[PDB]
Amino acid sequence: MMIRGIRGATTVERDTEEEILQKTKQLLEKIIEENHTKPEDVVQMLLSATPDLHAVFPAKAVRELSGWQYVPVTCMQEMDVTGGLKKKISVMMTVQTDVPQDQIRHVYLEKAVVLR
C-alpha cells in the first residue's frame, strides 16, 4: 500500500475569481484524467498561490467537480522568490496508487509550462 503525491501548476493572467476558478478547475481536471484519479483514493490536497493572488480561494473550483466534497483541502501561500513565476497556483495532491513514481503524470499548464 503506497501513497504518492501528484504535482501540478498553472498561471492566471488577471487576479479575478472567474479566471482563477476556471484555470484551477482546468488543472485539476487534467491531473484527474491523466492519472485516472478517483476522489476516494485521495488522502488530501494542498493548493497554493503566489502572494499576488487575492481574489478567491482556489479550493472553490473543487465544488464543480463530481464527488469531491469529502476530499480535505487547505490553501497555502507559496514562497516569494525574486524572479520566480508570478500569479501561479500549485497543486500537491496526495493519492493512493500502485503506479510507480517515475510514471506519475504531473500537470503543468499555461505559463507554468516552463517548469515541467
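Position 1 is the first residue in the sequence shown; the rest follow in order.
Exercise for the section: Please work out which of 88-96 and 101-109 has the higher mean CA B-factor as recorded in the PDB entry. Expected result: The recorded data point to 101-109.
Problem - Mean C-alpha B-factor comparison - 42-50 and 72-80, higher one - result: So the stretch with the higher mean C-alpha B-factor is 72-80.
Problem - Third assignment of residue 3 from its chain's C-alpha B-factors - result: CA B-factor rank for residue 3: middle third.
Exercise for the section: Would you mind checking where the Cα B-factor of residue 24 ranks among the modelled residues of its chain, as the lowest, middle or highest third? Expected result: According to the entry, residue 24 has a C-alpha B-factor in the chain's lowest third.
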